[PDB]
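One structure is given below, encoded as structure tokens.
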Amino acid sequence: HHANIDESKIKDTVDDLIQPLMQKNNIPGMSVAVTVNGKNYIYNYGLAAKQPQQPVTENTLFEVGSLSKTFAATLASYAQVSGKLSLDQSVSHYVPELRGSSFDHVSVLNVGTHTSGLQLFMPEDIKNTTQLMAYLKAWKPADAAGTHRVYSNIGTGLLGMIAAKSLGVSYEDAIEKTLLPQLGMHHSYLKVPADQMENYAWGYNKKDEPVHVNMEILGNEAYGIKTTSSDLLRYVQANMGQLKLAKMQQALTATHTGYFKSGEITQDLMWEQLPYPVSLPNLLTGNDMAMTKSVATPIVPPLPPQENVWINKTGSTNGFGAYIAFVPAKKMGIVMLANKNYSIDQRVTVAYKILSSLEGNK
Ligand SMILES: *P(=O)(O)OC[C@H]1O[C@@H](n2cnc3c(N)ncnc32)[C@H](O)[C@@H]1O
């Protein structure tokens with residue numbers, strides 16, 4: 001602790017919110033990463049595993065659940081800026097087995113914005129590509145694609161699958177061999193390697209059992225990433241153009257294009273945003289859209305990537321709870337990782353309090 005140092009003030013702000021949060025929710029371990037003024041701060045708390053006990057360190061890997069959807073979008077955006085994908089084309093244009101199905105009328109943009117109408121969860125009985133394609137050929141949305149927003153793991157799966165195919169590789173290769181390496185995210189994985197298993201935190205479910213996420217079909221696209229807070233802070237900085245990584249920077253920025261309004265949010269390519277300065281009530285409402293259908297209204301022409309917005313994404317698994325938010329105009333961002341799935345309203349509120357503390361009022 002030092003005087004006249006913003007770092008000590010930030011640590012106090014973060015500690016004072018995170019310690020009670022972890023106590024009352026019984027969260028075993030967290031890492032919080034903050035960037036502001038071009039400086040990066042990483043704060044680690046508690047335990048990556050209870051038995052045998054292992055502390056959270058700079059190397060601890062957390063499951064981030066739906067933060068993974070933003071990587072599928074970044075890959076699709078990379079394919080798009082590389083000339084391999086048009087977001088306005090239909091899904092069946094790129095997946096010829098689906099020609100003649102309802103996917104003749106669902107665009108890639110629809111699956112990238114949760115506006116196809118596909119339901120939230122993949123049917124549990126779908127285990128292989130044959131069963132998946134049979135389901136998709138038989139599926140019909142309740143409303144015309146493009147009229148409603150239904151947050152969807154399945155649609156995100158299609159987005160990433162199409163993006164990878166357009167690049168000539170599997171999704172796993174696209175992410176681990178192309179995207180994460182080009183972003184400099186060397187401790188981010190869909191499959192944690194043997195030399196990193198000691199760093200892979202256990203998640204603690206509602207009954208406090210240690211669990212790791214089970215990876216099923218198209219799951220890598222929707223929920224597969226394990227990563228460190230430092231790697232995600234780099235991802236946040238890259239999303240704010242702060243790093244010397246040109247196609248990749250274009251791809252990152254273009255994911256922030258605003259395509260639909262729904263409720264309080266602007267739906268980008270997987271990322272979600274609200275105008276900044278943003279009120280806590282609207283941010284909370286905008287982060288309570290995970291399981292219900294809402295009306296979606298197109299933004300056409302699309303809203304270009306903005307500076308004056310709060311861009312964010314939640315992610316969870318049975319054992320983990322994560323959140324990212326950043327405001328490009330202020331070059332400030334936060335990553336909050338936990339090995340217990342605690343409520344989104346608390347993640348958002350803590351992040352709002354932290355970011356609001358980072359400069360004076362004017
Ligand atoms: P985001 O973190 O909002 O959502 C992804 C998490 O939802 C759960 N989940 C999605 N899809 C499935 C399937 N098919 N089976 C079991 N669980 C699923 C996971 O917790 C994801 O991490």
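By order of appearance in the structure tokens: chains A, B, ..., then residues from 1 within every chain, and ligands from 1 in the order shown.
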Item to complete: Could you give me the residues within stretch 199-230 of chain A that DSSP places in alpha helix (DSSP H), as a list in words?
Response: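 Of stretch 199-230 of chain A, only residues 219, 220, 221, 222, 223, 229 and 230 of chain A fall in alpha helix (DSSP H).
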Worksheet entry | Surrounding residues as a ChimeraX atom specification, ligand 1, max 9 Å, only C-alpha atoms and all ligand atoms | /A:63-69,120-124,126,151-154,213-219,222-224,290,313-322
Any chance you can output those residues with C-alpha atoms as a PDB file, in the first residue's frame?
```pdb
ATOM      1  CA  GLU A  63     -13.957 -22.106 -17.206  1.00  0.00           C
ATOM      2  CA  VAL A  64     -15.652 -19.082 -18.731  1.00  0.00           C
ATOM      3  CA  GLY A  65     -18.732 -20.706 -20.259  1.00  0.00           C
ATOM      4  CA  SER A  66     -20.454 -18.239 -22.618  1.00  0.00           C
ATOM      5  CA  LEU A  67     -17.518 -15.859 -22.812  1.00  0.00           C
ATOM      6  CA  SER A  68     -16.631 -18.560 -25.339  1.00  0.00           C
ATOM      7  CA  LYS A  69     -19.400 -17.285 -27.625  1.00  0.00           C
ATOM      8  CA  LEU A 120     -31.230 -22.209 -25.699  1.00  0.00           C
ATOM      9  CA  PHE A 121     -29.920 -25.752 -25.184  1.00  0.00           C
ATOM     10  CA  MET A 122     -28.901 -28.480 -27.600  1.00  0.00           C
ATOM     11  CA  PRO A 123     -31.240 -31.470 -27.134  1.00  0.00           C
ATOM     12  CA  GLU A 124     -29.409 -33.813 -24.774  1.00  0.00           C
ATOM     13  CA  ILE A 126     -27.840 -35.276 -29.891  1.00  0.00           C
ATOM     14  CA  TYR A 151     -30.203 -16.568 -26.632  1.00  0.00           C
ATOM     15  CA  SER A 152     -28.960 -19.857 -28.062  1.00  0.00           C
ATOM     16  CA  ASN A 153     -26.074 -22.247 -27.581  1.00  0.00           C
ATOM     17  CA  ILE A 154     -27.163 -24.020 -30.773  1.00  0.00           C
ATOM     18  CA  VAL A 213     -17.579 -28.875 -17.678  1.00  0.00           C
ATOM     19  CA  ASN A 214     -18.514 -31.788 -19.945  1.00  0.00           C
ATOM     20  CA  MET A 215     -17.831 -30.942 -23.585  1.00  0.00           C
ATOM     21  CA  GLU A 216     -20.570 -32.119 -25.966  1.00  0.00           C
ATOM     22  CA  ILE A 217     -21.437 -31.519 -29.620  1.00  0.00           C
ATOM     23  CA  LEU A 218     -20.834 -27.920 -30.799  1.00  0.00           C
ATOM     24  CA  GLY A 219     -19.938 -27.170 -27.179  1.00  0.00           C
ATOM     25  CA  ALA A 222     -20.788 -22.109 -27.078  1.00  0.00           C
ATOM     26  CA  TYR A 223     -18.999 -22.770 -23.784  1.00  0.00           C
ATOM     27  CA  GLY A 224     -15.610 -24.491 -24.185  1.00  0.00           C
ATOM     28  CA  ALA A 290     -30.597 -15.407 -20.987  1.00  0.00           C
ATOM     29  CA  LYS A 313     -20.657 -10.594 -21.786  1.00  0.00           C
ATOM     30  CA  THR A 314     -21.522 -13.026 -18.999  1.00  0.00           C
ATOM     31  CA  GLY A 315     -20.451 -16.640 -18.894  1.00  0.00           C
ATOM     32  CA  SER A 316     -21.123 -19.567 -16.584  1.00  0.00           C
ATOM     33  CA  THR A 317     -20.834 -23.313 -16.215  1.00  0.00           C
ATOM     34  CA  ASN A 318     -22.212 -25.533 -13.456  1.00  0.00           C
ATOM     35  CA  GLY A 319     -19.078 -24.763 -11.470  1.00  0.00           C
ATOM     36  CA  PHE A 320     -17.952 -21.297 -12.629  1.00  0.00           C
ATOM     37  CA  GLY A 321     -19.121 -17.713 -13.048  1.00  0.00           C
ATOM     38  CA  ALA A 322     -17.411 -15.123 -15.250  1.00  0.00           C
TER      39      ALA A 322
END
```
Item to complete: Determine, counting only C-alpha atoms, which protein, DNA and RNA residues have an atom within 9 Å of an atom of residue A:45; residues of the same chain fewer than 5 positions away are not included. Present the result as a list in words.
Response: residues 15, 18, 19, 22, 28, 29, 30, 31, 32, 55, 56 and 57 of chain A
Go ahead and dump the residues you just picked, N, CA, C and O atoms, as a PDB file, in the first residue's frame.
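Writing done, so here's selection-v9.pdb:
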```pdb
ATOM      1  N   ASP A  15     -10.614  -5.246  -3.560  1.00  0.00           N
ATOM      2  CA  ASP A  15     -10.623  -6.078  -2.355  1.00  0.00           C
ATOM      3  C   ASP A  15     -11.907  -5.881  -1.559  1.00  0.00           C
ATOM      4  O   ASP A  15     -12.515  -6.846  -1.081  1.00  0.00           O
ATOM      5  N   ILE A  18     -14.724  -7.672  -3.481  1.00  0.00           N
ATOM      6  CA  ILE A  18     -14.569  -9.096  -3.771  1.00  0.00           C
ATOM      7  C   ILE A  18     -14.565  -9.933  -2.501  1.00  0.00           C
ATOM      8  O   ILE A  18     -15.133 -11.028  -2.478  1.00  0.00           O
ATOM      9  N   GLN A  19     -13.913  -9.470  -1.433  1.00  0.00           N
ATOM     10  CA  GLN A  19     -13.876 -10.289  -0.221  1.00  0.00           C
ATOM     11  C   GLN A  19     -15.263 -10.552   0.346  1.00  0.00           C
ATOM     12  O   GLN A  19     -15.583 -11.724   0.615  1.00  0.00           O
ATOM     13  N   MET A  22     -17.144 -13.012  -2.027  1.00  0.00           N
ATOM     14  CA  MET A  22     -16.734 -14.408  -1.923  1.00  0.00           C
ATOM     15  C   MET A  22     -17.207 -15.029  -0.618  1.00  0.00           C
ATOM     16  O   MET A  22     -17.580 -16.211  -0.584  1.00  0.00           O
ATOM     17  N   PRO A  28     -15.037 -20.179  -3.731  1.00  0.00           N
ATOM     18  CA  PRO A  28     -13.703 -20.541  -3.219  1.00  0.00           C
ATOM     19  C   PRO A  28     -12.581 -19.669  -3.743  1.00  0.00           C
ATOM     20  O   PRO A  28     -11.677 -19.318  -2.974  1.00  0.00           O
ATOM     21  N   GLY A  29     -12.605 -19.318  -5.024  1.00  0.00           N
ATOM     22  CA  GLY A  29     -11.494 -18.604  -5.631  1.00  0.00           C
ATOM     23  C   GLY A  29     -11.956 -17.661  -6.717  1.00  0.00           C
ATOM     24  O   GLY A  29     -12.921 -17.938  -7.439  1.00  0.00           O
ATOM     25  N   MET A  30     -11.254 -16.534  -6.836  1.00  0.00           N
ATOM     26  CA  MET A  30     -11.524 -15.583  -7.903  1.00  0.00           C
ATOM     27  C   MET A  30     -10.229 -14.976  -8.402  1.00  0.00           C
ATOM     28  O   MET A  30      -9.228 -14.909  -7.685  1.00  0.00           O
ATOM     29  N   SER A  31     -10.272 -14.500  -9.641  1.00  0.00           N
ATOM     30  CA  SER A  31      -9.276 -13.565 -10.128  1.00  0.00           C
ATOM     31  C   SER A  31     -10.011 -12.422 -10.805  1.00  0.00           C
ATOM     32  O   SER A  31     -10.964 -12.649 -11.565  1.00  0.00           O
ATOM     33  N   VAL A  32      -9.578 -11.204 -10.508  1.00  0.00           N
ATOM     34  CA  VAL A  32     -10.138 -10.004 -11.107  1.00  0.00           C
ATOM     35  C   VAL A  32      -9.004  -9.260 -11.784  1.00  0.00           C
ATOM     36  O   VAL A  32      -7.982  -8.972 -11.150  1.00  0.00           O
ATOM     37  N   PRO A  55      -4.013 -22.632  -4.268  1.00  0.00           N
ATOM     38  CA  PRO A  55      -4.423 -21.228  -4.361  1.00  0.00           C
ATOM     39  C   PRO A  55      -4.630 -20.804  -5.809  1.00  0.00           C
ATOM     40  O   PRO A  55      -4.054 -21.368  -6.740  1.00  0.00           O
ATOM     41  N   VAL A  56      -5.470 -19.782  -5.986  1.00  0.00           N
ATOM     42  CA  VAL A  56      -5.508 -19.067  -7.256  1.00  0.00           C
ATOM     43  C   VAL A  56      -4.192 -18.323  -7.419  1.00  0.00           C
ATOM     44  O   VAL A  56      -3.730 -17.640  -6.493  1.00  0.00           O
ATOM     45  N   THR A  57      -3.563 -18.479  -8.581  1.00  0.00           N
ATOM     46  CA  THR A  57      -2.321 -17.805  -8.927  1.00  0.00           C
ATOM     47  C   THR A  57      -2.504 -17.134 -10.280  1.00  0.00           C
ATOM     48  O   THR A  57      -3.551 -17.251 -10.921  1.00  0.00           O
TER      49      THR A  57
END
```
Practice prompt. Name all residues at most 7 Å from residue A:276 (count only C-alpha atoms; drop same-chain ones fewer than 5 positions away) and give them as an MDAnalysis selection string.
Written response: chainID A and resid 308:310
Practice prompt. Could you tell me which of A:27, A:177, A:231, A:42 comes closest to residue A:11 if we count only C-alpha atoms?
Written response: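 For residue A:11, the nearest of the given residues is A:42.
Taking only C-alpha atoms into account, residue A:208 lies nearest to A:49 out of the set A:278, A:336, A:49, A:327.
Distances to residue A:25 were evaluated for A:190, A:142, A:133, A:338 using only C-alpha atoms, and the minimum falls at A:338.
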Fill in: Counting only C-alpha atoms, the option among A:48, A:194, A:75, A:332 closest to residue A:172
A:75
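Take atom CA of residue A:343 and atom CA of residue A:192: the distance between them is 26.3 Å.
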Response to the item:
residue A:286 proximity check over A:43, A:21, A:353, A:345, using only C-alpha atoms: winner is A:345
Worksheet item: If we count only C-alpha atoms, what is near stretch 253-255 of chain A at a cut-off of 7 Å, once residues fewer than 2 positions away on the same chain are taken out, given as a PyMOL selection string?
Response: chain A and resi 73-74+77+239+249-251+257+268-269+271+305
Discussion item. From a backbone DSSP assignment, name each residue in stretch 170-346 of chain A labelled strand (DSSP E or B), as JSON, numbers by chain.
Written reply: {"A": [188, 189, 200, 203, 204, 210, 211, 226, 227, 258, 259, 260, 261, 262, 265, 266, 267, 272, 273, 274, 275, 294, 295, 297, 298, 299, 300, 301, 302, 303, 309, 310, 311, 312, 313, 314, 315, 316, 317, 320, 321, 322, 323, 324, 325, 326, 327, 332, 333, 334, 335, 336, 337, 338, 340]}
Write out as a compact mmCIF listing (two decimals) with C-alpha atoms, in the first residue's frame each polymer residue whose atoms come within 10 Å of residue A:236, counting only C-alpha atoms; drop sequence neighbours fewer than 4 positions from it.
```
# COMPACT_ATOMS: atom_id res chain seq x y z
CA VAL A 34 -8.58 -4.47 -14.47
CA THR A 35 -7.11 -2.25 -17.17
CA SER A 230 -4.44 -12.24 -17.72
CA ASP A 231 -5.21 -13.76 -21.12
CA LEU A 232 -8.74 -12.37 -20.99
CA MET A 240 -9.91 -1.74 -27.44
CA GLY A 241 -7.10 -1.54 -30.01
CA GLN A 242 -4.46 -1.09 -27.32
CA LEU A 243 -2.01 -3.78 -28.47
CA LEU A 252 -12.08 -7.94 -33.23
CA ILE A 324 -16.26 -9.15 -18.88
CA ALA A 325 -17.09 -5.49 -19.36
CA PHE A 326 -15.20 -2.71 -21.10
CA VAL A 327 -15.76 0.88 -22.20
CA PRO A 328 -13.56 1.69 -25.21
CA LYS A 331 -9.87 2.40 -22.25
CA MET A 332 -11.08 0.64 -19.15
CA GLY A 333 -12.08 -2.97 -18.73
CA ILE A 334 -12.60 -5.69 -16.19
CA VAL A 335 -12.51 -9.49 -16.13
```
Worksheet item: In Å to one decimal, how far is atom CA of residue A:185 from atom CA of residue A:166?
Response: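 For atom CA of residue A:166 relative to atom CA of residue A:185, the distance reads 22.7 Å.
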Discussion item. So that I can see what lies close to residue A:302, please list as a PyMOL selection string the residues with an atom at most 9 Å from it, counting only C-alpha atoms and leaving out residues fewer than 5 positions away in the same chain.
Written reply: chain A and resi 257-260
